[PDB]
Amino acid sequence: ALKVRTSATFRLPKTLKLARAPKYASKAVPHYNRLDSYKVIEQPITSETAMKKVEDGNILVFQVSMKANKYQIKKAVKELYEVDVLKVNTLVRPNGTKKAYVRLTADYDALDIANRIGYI
Amino acid sequence: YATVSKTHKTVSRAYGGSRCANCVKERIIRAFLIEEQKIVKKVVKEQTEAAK
Amino acid sequence: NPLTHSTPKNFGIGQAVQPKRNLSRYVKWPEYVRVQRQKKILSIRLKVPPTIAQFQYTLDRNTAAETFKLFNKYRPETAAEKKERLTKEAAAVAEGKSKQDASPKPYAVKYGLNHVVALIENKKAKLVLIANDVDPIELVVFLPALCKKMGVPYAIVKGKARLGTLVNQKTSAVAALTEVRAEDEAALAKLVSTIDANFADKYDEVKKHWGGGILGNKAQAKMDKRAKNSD
Amino acid sequence: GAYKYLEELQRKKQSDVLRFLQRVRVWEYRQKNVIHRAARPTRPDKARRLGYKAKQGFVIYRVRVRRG
Amino acid sequence: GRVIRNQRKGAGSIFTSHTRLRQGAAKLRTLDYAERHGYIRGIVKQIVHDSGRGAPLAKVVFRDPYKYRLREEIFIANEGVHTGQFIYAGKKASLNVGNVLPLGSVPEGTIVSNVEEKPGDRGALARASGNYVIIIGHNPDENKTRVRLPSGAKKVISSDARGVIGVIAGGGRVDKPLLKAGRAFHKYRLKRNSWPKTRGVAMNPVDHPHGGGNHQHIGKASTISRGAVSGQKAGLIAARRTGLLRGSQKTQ
RNA sequence: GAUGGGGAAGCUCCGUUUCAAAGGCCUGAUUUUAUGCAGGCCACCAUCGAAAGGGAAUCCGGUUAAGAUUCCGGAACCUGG
RNA sequence: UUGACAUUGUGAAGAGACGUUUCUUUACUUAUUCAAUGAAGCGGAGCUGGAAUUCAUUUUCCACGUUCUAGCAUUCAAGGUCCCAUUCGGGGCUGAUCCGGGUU
């Protein structure tokens, strides 16, 4: 009888650690996707100086969820409007909304797609 | 130094960076001389063992 | 061979990192490990008084093996058993004769402190096994003394766990038979003879001595050496 | 009953057996935590008498207080 | 009145030690099988100034007996010790300057530094620039050695207590006048908020026992019973005597 | 400034590696599988605390009513993959 | 700060109160206290070796890895010896005496 410890330190024995196999579920029904596409992008912005960005910079301008992000915004734009996207800049306007400058790739003309959506 | 080629941060000798040529020259010698004198330090006390 | 080499290593003070060795002697064990170890020890140093010292007198491997082999013949009813009887017993008797004496008189081990104390009080016990390791000890310290007054043969036996297995439980504290089949008064008395001598006649002497003292290695040695070299 | 002897032994707190018992136990409790769970009642006749029963949902805690 | 200055110190605050720049703390090796039975050779890698403490430190490094690695301790440097010096430690180490031996292993006459009060405490006595303790004699009625402390007092400690042969370095630092307040300023700046000092006699009664006024003066013996209560212990504390002496030696 | 703990009738006070069983890093086995495990070393070890301390990497030209080392044009660099 | 009582236990010397028992120096260690360490080398005994006694014996002492040098010292250790049929990998025992599990 004995056993050899070559360390004078006793450690907490590594032990099972099961897995939660509940019995009754947390929620009843998993929340639907908060922040989907119609929610990411809320509105075009159509002040005259944004309009110039459409006419001259291949840029679509949107008020966009405060909760969005350059990924989430690009995706929604890419799908609601069937267009490809070069980069998104964003800022938080001083009235507390987020505006997104979305430049389209050169395969697209924002002005075209601007007045497809139906503003000018 | 993480954006640089290895040749930039070594030389070709025992102890590339680390130490400084005259310090490895001293270093080898000190090694050899002592390891020699060991053998002796050793053999010499084995002689005066028999002498007893 | 002439290619391999014998390079011994020096392991003295001053060289060669000391090799892995066995330090079980020196581990900083978890606090519950120490406490149960020092408790045992604290209880060893310090005069233990006669009535607690009665225990530690176990019962030899062979007389115990004998006494369990007999005790093992008197298992109480198992679950399945009593179910089966309770249907046989009740379904018939409660619509037939003998006041549930539609089953033979049983012979079982008798267990449980309260129960077994009263058996002893009532001079109904034929032989009684008290465990050596009841904690709190007070549950069981009066027993040998009680048995002494009442005539009841008794052995302090080893294993509270073992008297457990003897009544289909985790632990059992006491266990003592009273009845017994006639094909068996023989063995019984042969046990009681050897037991009673060991554990019962000796009562009045045992009850006069204390335990404890004991120094633990080191101290025992330096009083060994103190008195040995200097005499 | 075992209890009537517990009940009466316990009343001899200055007997040899109990001083020993008291000395060894109080050492133990000092080395454990100021509050800690107890496995079984140190005092069966007593727990009982104060309304404890040996059954799931009854619990015993041991606790130290500073004194004075 | 008011809580006096000397009472406010206990509370730390504004008065704790200025320690940012300190090297590590200064200690012997932890006492091991190596030192309990043989010796173990380290080198002094560098010797270094420690803020707040005139008296330089030696950073001396030793191999690890039980693991492949190096271990650096921080000794107090002992005058004569020098980078590249080997340092031998323990019962069998030989009587050279810089080594650390159990008191019980050196002859009467031997002078040592940074000596332990109880074996293994890693150094308590004679540690400041210039100091040392003298071994006066030994007594193997329990492993005790009797020594002389820098203060005058003799003290008997365990022959297992270790010292380091030699005196602490840092010369006679105190031999040089400080010359100007600024030097004391910088002086205490690396130590602690104990400087300048306002005399109690220039404070008002709320502030100190010396306190009241109309002419500056103490107005009662400045010589206080040891059993006086804090608030009252300012001045000469349990002064067994007072006044000018010209004394010349201590306790022998 | 949490935590094993120790004070305090208590609001809470002390303490921070402290009289504590305080982890997690590689990868074989197994190729029922990407996985439970077989190796194994190393750990007196919460966290908060700097828009002047430490610290991975961007520049010039052009442009607005109001932004720009952030947009445009051009030319780079760092980090993870 | 000083005394009493409680925490408080085990052996002796003495002086003392008429084999127990209370009194001044004191042995104990488990309560209590203090210090350290990743609780590493504590305590006892022994292999070996050199002297001794004793007029022979067991009768003890003593020794039992590192000091010219600002190197190097880690992979359960090479070695030896066993095992697995051993293809490459492993493993055990020695190397590194024994015995108490009182960390010191």
# chains A, B, ... in the order shown; residues from 1 in each chain; ligands from 1
call {"tool": "interface_residues", "arguments": {"of": "chain B", "to": "chain G", "cutoff": "7 Å", "atoms": "only C-alpha atoms (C1' of nucleotides)", "output": "ChimeraX atom specification"}}
result
/B:27,30-31
call {"tool": "write_last_selection", "arguments": {"atoms": "N, CA and C atoms", "output": "mmCIF file, in the first residue's frame"}}
result
data_model
loop_
_atom_site.group_PDB
_atom_site.id
_atom_site.type_symbol
_atom_site.label_atom_id
_atom_site.label_comp_id
_atom_site.auth_asym_id
_atom_site.auth_seq_id
_atom_site.Cartn_x
_atom_site.Cartn_y
_atom_site.Cartn_z
ATOM 1 N N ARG B 27 33.700 32.740 -23.742
ATOM 2 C CA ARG B 27 32.802 31.664 -23.334
ATOM 3 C C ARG B 27 33.296 30.231 -23.649
ATOM 4 N N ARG B 30 36.701 29.439 -21.635
ATOM 5 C CA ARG B 30 36.337 29.146 -20.254
ATOM 6 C C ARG B 30 35.741 27.750 -20.100
ATOM 7 N N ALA B 31 34.931 27.343 -21.069
ATOM 8 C CA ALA B 31 34.381 25.996 -21.073
ATOM 9 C C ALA B 31 35.511 24.945 -21.171
#
call {"tool": "closest_atom_pairs", "arguments": {"of": "chain C", "to": "chain A", "cutoff": "10 Å", "atoms": "only C-alpha atoms", "output": "tab-separated table"}}
result
residue	atom	partner	partner_atom	distance
C:19	CA	A:6	CA	9.7
C:20	CA	A:6	CA	6.0
C:21	CA	A:6	CA	5.5
C:22	CA	A:6	CA	5.0
C:23	CA	A:6	CA	5.6
C:24	CA	A:5	CA	5.4
C:25	CA	A:8	CA	8.4
C:26	CA	A:8	CA	5.9
C:27	CA	A:8	CA	4.3
C:28	CA	A:9	CA	6.0
C:29	CA	A:10	CA	5.8
C:30	CA	A:10	CA	7.2
call {"tool": "closest_atom_pairs", "arguments": {"of": "chain F", "to": "chain C", "cutoff": "12 Å", "atoms": "only C-alpha atoms (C1' of nucleotides)", "output": "JSON lines"}}
result
{"residue": "F:4", "atom": "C1'", "partner": "C:31", "partner_atom": "CA", "distance": 11.6}
{"residue": "F:19", "atom": "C1'", "partner": "C:31", "partner_atom": "CA", "distance": 9.9}
{"residue": "F:20", "atom": "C1'", "partner": "C:31", "partner_atom": "CA", "distance": 8.2}
{"residue": "F:21", "atom": "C1'", "partner": "C:30", "partner_atom": "CA", "distance": 4.8}
{"residue": "F:22", "atom": "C1'", "partner": "C:30", "partner_atom": "CA", "distance": 11.6}
call {"tool": "write_last_selection", "arguments": {"atoms": "N, CA, C and O atoms (P, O5', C5', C4', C3', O3' and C1' of nucleotides)", "output": "PDB file, in the first residue's frame"}}
result
ATOM      1  P     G F   4     -16.885  33.573   0.072  1.00  0.00           P
ATOM      2  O5'   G F   4     -15.531  32.797   0.224  1.00  0.00           O
ATOM      3  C5'   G F   4     -15.260  31.675  -0.580  1.00  0.00           C
ATOM      4  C4'   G F   4     -14.627  30.605   0.235  1.00  0.00           C
ATOM      5  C3'   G F   4     -14.757  30.792   1.733  1.00  0.00           C
ATOM      6  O3'   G F   4     -16.019  30.354   2.205  1.00  0.00           O
ATOM      7  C1'   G F   4     -12.521  30.389   1.209  1.00  0.00           C
ATOM      8  P     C F  19      -1.988  32.880   5.603  1.00  0.00           P
ATOM      9  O5'   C F  19      -3.416  32.380   6.089  1.00  0.00           O
ATOM     10  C5'   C F  19      -4.172  31.472   5.306  1.00  0.00           C
ATOM     11  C4'   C F  19      -3.932  30.060   5.742  1.00  0.00           C
ATOM     12  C3'   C F  19      -5.148  29.161   5.672  1.00  0.00           C
ATOM     13  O3'   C F  19      -4.736  27.829   5.367  1.00  0.00           O
ATOM     14  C1'   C F  19      -4.419  29.362   7.938  1.00  0.00           C
ATOM     15  P     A F  20      -4.422  27.376   3.847  1.00  0.00           P
ATOM     16  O5'   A F  20      -5.753  26.601   3.423  1.00  0.00           O
ATOM     17  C5'   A F  20      -7.038  27.170   3.633  1.00  0.00           C
ATOM     18  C4'   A F  20      -8.101  26.460   2.837  1.00  0.00           C
ATOM     19  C3'   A F  20      -7.592  25.638   1.667  1.00  0.00           C
ATOM     20  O3'   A F  20      -8.594  24.697   1.304  1.00  0.00           O
ATOM     21  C1'   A F  20      -8.789  27.463   0.846  1.00  0.00           C
ATOM     22  P     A F  21      -8.502  23.174   1.783  1.00  0.00           P
ATOM     23  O5'   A F  21      -8.417  22.394   0.405  1.00  0.00           O
ATOM     24  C5'   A F  21      -7.239  22.447  -0.388  1.00  0.00           C
ATOM     25  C4'   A F  21      -7.448  21.790  -1.720  1.00  0.00           C
ATOM     26  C3'   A F  21      -8.328  22.564  -2.690  1.00  0.00           C
ATOM     27  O3'   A F  21      -7.911  22.295  -4.014  1.00  0.00           O
ATOM     28  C1'   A F  21      -9.356  20.491  -2.161  1.00  0.00           C
ATOM     29  P     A F  22      -7.195  23.427  -4.886  1.00  0.00           P
ATOM     30  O5'   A F  22      -8.300  24.563  -4.960  1.00  0.00           O
ATOM     31  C5'   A F  22      -9.530  24.347  -5.641  1.00  0.00           C
ATOM     32  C4'   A F  22     -10.034  25.604  -6.312  1.00  0.00           C
ATOM     33  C3'   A F  22      -9.189  26.094  -7.488  1.00  0.00           C
ATOM     34  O3'   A F  22     -10.013  26.780  -8.420  1.00  0.00           O
ATOM     35  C1'   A F  22      -9.217  27.742  -5.789  1.00  0.00           C
TER      36        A F  22
END
call {"tool": "residues_around", "arguments": {"residues": "residue 23 (chain D)", "least_positions_apart": "3", "cutoff": "10 Å", "atoms": "only C-alpha atoms (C1' of nucleotides)", "output": "VMD selection string"}}
result
(chain C and resid 42 to 43 46) or (chain D and resid 18 to 20 26 to 28) or (chain G and resid 9 31)
call {"tool": "residues_around", "arguments": {"residues": "residue 44 (chain F)", "least_positions_apart": "3", "cutoff": "10 Å", "atoms": "only C-alpha atoms (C1' of nucleotides)", "output": "PyMOL selection string"}}
result
(chain F and resi 17-18) or (chain G and resi 38)
call {"tool": "residues_around", "arguments": {"residues": "region 24-26 of chain B", "least_positions_apart": "6", "cutoff": "12 Å", "atoms": "only C-alpha atoms (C1' of nucleotides)", "output": "PyMOL selection string"}}
result
(chain B and resi 13-18+32-33) or (chain G and resi 69-71)
call {"tool": "atom_distance", "arguments": {"atom1": "CA of residue 50 (chain E)", "atom2": "CA of residue 83 (chain E)"}}
result
16.6 Å
call {"tool": "atom_distance", "arguments": {"atom1": "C1' of residue 9 (chain F)", "atom2": "CA of residue 67 (chain D)"}}
result
12.9 Å
call {"tool": "residues_around", "arguments": {"residues": "residue 28 (chain F)", "least_positions_apart": "6", "cutoff": "10 Å", "atoms": "only C-alpha atoms (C1' of nucleotides)", "output": "list in words"}}
result
residues 37, 38 and 39 of chain F
call {"tool": "write_last_selection", "arguments": {"atoms": "N, CA, C and O atoms (P, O5', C5', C4', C3', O3' and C1' of nucleotides)", "output": "PDB file, in the first residue's frame"}}
result
ATOM      1  P     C F  37     -12.830  13.573 -20.406  1.00  0.00           P
ATOM      2  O5'   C F  37     -11.935  12.344 -20.893  1.00  0.00           O
ATOM      3  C5'   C F  37     -11.454  11.362 -19.977  1.00  0.00           C
ATOM      4  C4'   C F  37     -11.104  10.074 -20.691  1.00  0.00           C
ATOM      5  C3'   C F  37      -9.669   9.556 -20.499  1.00  0.00           C
ATOM      6  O3'   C F  37      -9.520   8.721 -19.339  1.00  0.00           O
ATOM      7  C1'   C F  37     -10.123   9.762 -22.801  1.00  0.00           C
ATOM      8  P     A F  38      -8.552   7.414 -19.323  1.00  0.00           P
ATOM      9  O5'   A F  38      -7.205   7.925 -20.012  1.00  0.00           O
ATOM     10  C5'   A F  38      -5.947   7.772 -19.359  1.00  0.00           C
ATOM     11  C4'   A F  38      -4.851   7.370 -20.324  1.00  0.00           C
ATOM     12  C3'   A F  38      -3.481   7.987 -20.061  1.00  0.00           C
ATOM     13  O3'   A F  38      -2.730   7.276 -19.089  1.00  0.00           O
ATOM     14  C1'   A F  38      -4.042   8.267 -22.340  1.00  0.00           C
ATOM     15  P     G F  39      -1.393   7.917 -18.468  1.00  0.00           P
ATOM     16  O5'   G F  39      -1.579   9.468 -18.764  1.00  0.00           O
ATOM     17  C5'   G F  39      -0.507  10.373 -18.582  1.00  0.00           C
ATOM     18  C4'   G F  39       0.414  10.374 -19.774  1.00  0.00           C
ATOM     19  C3'   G F  39       1.526  11.419 -19.755  1.00  0.00           C
ATOM     20  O3'   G F  39       2.712  10.949 -19.113  1.00  0.00           O
ATOM     21  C1'   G F  39       0.375  11.454 -21.859  1.00  0.00           C
TER      22        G F  39
END
call {"tool": "residues_around", "arguments": {"residues": "residue 49 (chain G)", "least_positions_apart": "5", "cutoff": "12 Å", "atoms": "only C-alpha atoms (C1' of nucleotides)", "output": "PyMOL selection string"}}
result
chain G and resi 62-64
call {"tool": "select_by_dssp", "arguments": {"residues": "chain A", "states": "alpha helix (DSSP H)", "output": "PyMOL selection string"}}
result
chain A and resi 37-40+48-57+70-80+110-117
call {"tool": "write_last_selection", "arguments": {"atoms": "C-alpha atoms", "output": "PDB file, in the first residue's frame"}}
result
ATOM      1  CA  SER A  37     -33.463  43.504 -43.086  1.00  0.00           C
ATOM      2  CA  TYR A  38     -36.574  45.762 -43.049  1.00  0.00           C
ATOM      3  CA  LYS A  39     -35.441  46.750 -39.609  1.00  0.00           C
ATOM      4  CA  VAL A  40     -31.767  47.325 -40.401  1.00  0.00           C
ATOM      5  CA  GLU A  48     -30.238  67.886 -51.036  1.00  0.00           C
ATOM      6  CA  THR A  49     -26.717  67.172 -50.068  1.00  0.00           C
ATOM      7  CA  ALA A  50     -27.379  63.479 -49.817  1.00  0.00           C
ATOM      8  CA  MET A  51     -29.035  63.672 -53.216  1.00  0.00           C
ATOM      9  CA  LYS A  52     -25.792  65.077 -54.670  1.00  0.00           C
ATOM     10  CA  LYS A  53     -24.065  62.005 -53.250  1.00  0.00           C
ATOM     11  CA  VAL A  54     -26.434  59.924 -55.320  1.00  0.00           C
ATOM     12  CA  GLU A  55     -26.003  61.979 -58.501  1.00  0.00           C
ATOM     13  CA  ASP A  56     -22.148  62.275 -58.143  1.00  0.00           C
ATOM     14  CA  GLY A  57     -20.665  59.665 -55.872  1.00  0.00           C
ATOM     15  CA  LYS A  70     -21.426  47.993 -41.278  1.00  0.00           C
ATOM     16  CA  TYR A  71     -21.789  44.214 -41.909  1.00  0.00           C
ATOM     17  CA  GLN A  72     -25.481  44.118 -41.025  1.00  0.00           C
ATOM     18  CA  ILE A  73     -26.172  47.180 -43.132  1.00  0.00           C
ATOM     19  CA  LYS A  74     -24.270  46.070 -46.213  1.00  0.00           C
ATOM     20  CA  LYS A  75     -26.193  42.724 -46.091  1.00  0.00           C
ATOM     21  CA  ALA A  76     -29.605  44.343 -45.911  1.00  0.00           C
ATOM     22  CA  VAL A  77     -28.784  46.815 -48.693  1.00  0.00           C
ATOM     23  CA  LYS A  78     -27.395  43.898 -50.715  1.00  0.00           C
ATOM     24  CA  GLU A  79     -30.698  42.063 -50.420  1.00  0.00           C
ATOM     25  CA  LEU A  80     -33.477  44.642 -50.284  1.00  0.00           C
ATOM     26  CA  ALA A 110     -27.167  54.618 -57.558  1.00  0.00           C
ATOM     27  CA  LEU A 111     -29.275  57.285 -59.311  1.00  0.00           C
ATOM     28  CA  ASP A 112     -30.904  54.575 -61.341  1.00  0.00           C
ATOM     29  CA  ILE A 113     -31.593  52.518 -58.252  1.00  0.00           C
ATOM     30  CA  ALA A 114     -32.426  55.611 -56.285  1.00  0.00           C
ATOM     31  CA  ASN A 115     -35.411  56.308 -58.467  1.00  0.00           C
ATOM     32  CA  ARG A 116     -36.305  52.656 -58.784  1.00  0.00           C
ATOM     33  CA  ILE A 117     -36.925  52.675 -54.993  1.00  0.00           C
TER      34      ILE A 117
END
call {"tool": "interface_residues", "arguments": {"of": "chain C", "to": "chain D", "cutoff": "10 Å", "atoms": "only C-alpha atoms", "output": "MDAnalysis selection string"}}
result
chainID C and resid 31:32 34:36 38:40 42:43 46:53 112:119 121 135:143
call {"tool": "interface_residues", "arguments": {"of": "chain E", "to": "chain C", "cutoff": "7 Å", "atoms": "only C-alpha atoms", "output": "list in words"}}
result
residues 34, 38, 40, 65, 66, 67 and 68 of chain E
call {"tool": "atom_distance", "arguments": {"atom1": "CA of residue 43 (chain B)", "atom2": "CA of residue 8 (chain C)"}}
result
17.0 Å
call {"tool": "interface_residues", "arguments": {"of": "chain F", "to": "chain A", "cutoff": "12 Å", "atoms": "only C-alpha atoms (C1' of nucleotides)", "output": "VMD selection string"}}
result
chain F and resid 20 to 24 36 to 37 41 43 to 44 64 to 67 70 to 72
call {"tool": "write_last_selection", "arguments": {"atoms": "C-alpha atoms (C1' of nucleotides)", "output": "PDB file, in the first residue's frame"}}
result
ATOM      1  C1'   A F  20      -8.789  27.463   0.846  1.00  0.00           C
ATOM      2  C1'   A F  21      -9.356  20.491  -2.161  1.00  0.00           C
ATOM      3  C1'   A F  22      -9.217  27.742  -5.789  1.00  0.00           C
ATOM      4  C1'   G F  23      -7.020  25.959 -12.815  1.00  0.00           C
ATOM      5  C1'   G F  24      -6.045  25.037 -18.111  1.00  0.00           C
ATOM      6  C1'   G F  36     -14.741  10.754 -23.697  1.00  0.00           C
ATOM      7  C1'   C F  37     -10.123   9.762 -22.801  1.00  0.00           C
ATOM      8  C1'   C F  41       4.651  20.009 -17.910  1.00  0.00           C
ATOM      9  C1'   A F  43      -0.099  28.375 -11.786  1.00  0.00           C
ATOM     10  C1'   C F  44       0.496  31.457  -4.038  1.00  0.00           C
ATOM     11  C1'   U F  64     -17.948  71.265 -48.287  1.00  0.00           C
ATOM     12  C1'   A F  65     -22.501  76.422 -46.634  1.00  0.00           C
ATOM     13  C1'   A F  66     -20.838  73.496 -42.400  1.00  0.00           C
ATOM     14  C1'   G F  67     -16.739  67.163 -42.173  1.00  0.00           C
ATOM     15  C1'   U F  70     -12.482  59.673 -41.495  1.00  0.00           C
ATOM     16  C1'   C F  71     -14.930  61.587 -47.843  1.00  0.00           C
ATOM     17  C1'   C F  72     -12.588  61.466 -53.037  1.00  0.00           C
TER      18        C F  72
END
call {"tool": "interface_residues", "arguments": {"of": "chain B", "to": "chain F", "cutoff": "12 Å", "atoms": "only C-alpha atoms (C1' of nucleotides)", "output": "list in words"}}
result
residues 1, 2 and 3 of chain B
call {"tool": "select_by_dssp", "arguments": {"residues": "chain D", "states": "strand (DSSP E or B)", "output": "list in words"}}
result
residues 35, 36, 37, 56, 58, 61, 62 and 63 of chain D
call {"tool": "interface_residues", "arguments": {"of": "chain F", "to": "chain D", "cutoff": "9 Å", "atoms": "only C-alpha atoms (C1' of nucleotides)", "output": "VMD selection string"}}
result
chain F and resid 5 to 7
call {"tool": "write_last_selection", "arguments": {"atoms": "N, CA, C and O atoms (P, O5', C5', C4', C3', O3' and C1' of nucleotides)", "output": "PDB file, in the first residue's frame"}}
result
ATOM      1  P     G F   5     -16.330  30.170   3.771  1.00  0.00           P
ATOM      2  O5'   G F   5     -14.925  30.368   4.465  1.00  0.00           O
ATOM      3  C5'   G F   5     -14.815  30.552   5.854  1.00  0.00           C
ATOM      4  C4'   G F   5     -13.499  31.174   6.191  1.00  0.00           C
ATOM      5  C3'   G F   5     -13.497  32.051   7.397  1.00  0.00           C
ATOM      6  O3'   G F   5     -13.416  31.308   8.580  1.00  0.00           O
ATOM      7  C1'   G F   5     -12.409  33.160   5.651  1.00  0.00           C
ATOM      8  P     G F   6     -14.557  31.457   9.668  1.00  0.00           P
ATOM      9  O5'   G F   6     -14.003  32.649  10.566  1.00  0.00           O
ATOM     10  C5'   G F   6     -12.667  32.625  11.032  1.00  0.00           C
ATOM     11  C4'   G F   6     -12.172  33.989  11.452  1.00  0.00           C
ATOM     12  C3'   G F   6     -13.105  34.818  12.301  1.00  0.00           C
ATOM     13  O3'   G F   6     -13.064  34.445  13.667  1.00  0.00           O
ATOM     14  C1'   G F   6     -12.233  36.144  10.571  1.00  0.00           C
ATOM     15  P     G F   7     -14.209  34.949  14.697  1.00  0.00           P
ATOM     16  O5'   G F   7     -14.038  36.522  14.687  1.00  0.00           O
ATOM     17  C5'   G F   7     -14.999  37.322  15.322  1.00  0.00           C
ATOM     18  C4'   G F   7     -14.704  38.773  15.185  1.00  0.00           C
ATOM     19  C3'   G F   7     -15.851  39.666  15.546  1.00  0.00           C
ATOM     20  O3'   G F   7     -15.895  39.911  16.916  1.00  0.00           O
ATOM     21  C1'   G F   7     -14.922  40.352  13.494  1.00  0.00           C
TER      22        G F   7
END
call {"tool": "decode", "arguments": {"residues": "region 9-25 of chain B", "atoms": "N, CA and C atoms", "output": "PDB file, in the first residue's frame"}}
result
ATOM      1  N   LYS B   9      17.747  39.802 -37.665  1.00  0.00           N
ATOM      2  CA  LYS B   9      17.844  39.719 -36.214  1.00  0.00           C
ATOM      3  C   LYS B   9      18.711  38.570 -35.637  1.00  0.00           C
ATOM      4  N   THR B  10      19.818  38.233 -36.320  1.00  0.00           N
ATOM      5  CA  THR B  10      20.806  37.209 -35.918  1.00  0.00           C
ATOM      6  C   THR B  10      22.111  37.444 -36.645  1.00  0.00           C
ATOM      7  N   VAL B  11      23.095  36.620 -36.311  1.00  0.00           N
ATOM      8  CA  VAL B  11      24.334  36.525 -37.069  1.00  0.00           C
ATOM      9  C   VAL B  11      24.642  35.053 -37.105  1.00  0.00           C
ATOM     10  N   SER B  12      25.646  34.671 -37.864  1.00  0.00           N
ATOM     11  CA  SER B  12      25.942  33.256 -37.946  1.00  0.00           C
ATOM     12  C   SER B  12      27.095  32.890 -36.994  1.00  0.00           C
ATOM     13  N   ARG B  13      26.756  32.648 -35.729  1.00  0.00           N
ATOM     14  CA  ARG B  13      27.694  32.131 -34.738  1.00  0.00           C
ATOM     15  C   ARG B  13      26.888  31.551 -33.579  1.00  0.00           C
ATOM     16  N   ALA B  14      27.528  30.744 -32.728  1.00  0.00           N
ATOM     17  CA  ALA B  14      26.900  30.299 -31.495  1.00  0.00           C
ATOM     18  C   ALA B  14      26.425  31.590 -30.839  1.00  0.00           C
ATOM     19  N   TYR B  15      25.159  31.634 -30.427  1.00  0.00           N
ATOM     20  CA  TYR B  15      24.590  32.856 -29.851  1.00  0.00           C
ATOM     21  C   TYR B  15      24.488  34.031 -30.867  1.00  0.00           C
ATOM     22  N   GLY B  16      23.474  33.987 -31.744  1.00  0.00           N
ATOM     23  CA  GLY B  16      23.274  34.931 -32.844  1.00  0.00           C
ATOM     24  C   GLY B  16      23.082  36.372 -32.401  1.00  0.00           C
ATOM     25  N   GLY B  17      21.869  36.709 -31.943  1.00  0.00           N
ATOM     26  CA  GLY B  17      21.631  37.841 -31.047  1.00  0.00           C
ATOM     27  C   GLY B  17      22.159  37.328 -29.727  1.00  0.00           C
ATOM     28  N   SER B  18      21.375  37.368 -28.673  1.00  0.00           N
ATOM     29  CA  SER B  18      21.952  36.967 -27.386  1.00  0.00           C
ATOM     30  C   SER B  18      23.331  37.622 -27.048  1.00  0.00           C
ATOM     31  N   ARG B  19      24.460  36.988 -27.389  1.00  0.00           N
ATOM     32  CA  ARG B  19      25.771  37.516 -26.960  1.00  0.00           C
ATOM     33  C   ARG B  19      26.696  37.911 -28.106  1.00  0.00           C
ATOM     34  N   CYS B  20      27.887  38.405 -27.741  1.00  0.00           N
ATOM     35  CA  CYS B  20      28.652  39.367 -28.548  1.00  0.00           C
ATOM     36  C   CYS B  20      30.063  38.989 -29.018  1.00  0.00           C
ATOM     37  N   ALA B  21      30.217  37.814 -29.611  1.00  0.00           N
ATOM     38  CA  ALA B  21      31.498  37.431 -30.246  1.00  0.00           C
ATOM     39  C   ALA B  21      32.693  37.351 -29.279  1.00  0.00           C
ATOM     40  N   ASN B  22      33.167  38.488 -28.776  1.00  0.00           N
ATOM     41  CA  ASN B  22      34.216  38.423 -27.755  1.00  0.00           C
ATOM     42  C   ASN B  22      33.688  37.695 -26.516  1.00  0.00           C
ATOM     43  N   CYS B  23      32.374  37.764 -26.284  1.00  0.00           N
ATOM     44  CA  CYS B  23      31.764  37.028 -25.178  1.00  0.00           C
ATOM     45  C   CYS B  23      31.524  35.545 -25.456  1.00  0.00           C
ATOM     46  N   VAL B  24      31.382  35.141 -26.714  1.00  0.00           N
ATOM     47  CA  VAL B  24      31.400  33.702 -26.981  1.00  0.00           C
ATOM     48  C   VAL B  24      32.823  33.215 -27.123  1.00  0.00           C
ATOM     49  N   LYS B  25      33.741  34.062 -27.579  1.00  0.00           N
ATOM     50  CA  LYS B  25      35.154  33.661 -27.594  1.00  0.00           C
ATOM     51  C   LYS B  25      35.686  33.404 -26.191  1.00  0.00           C
TER      52      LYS B  25
END
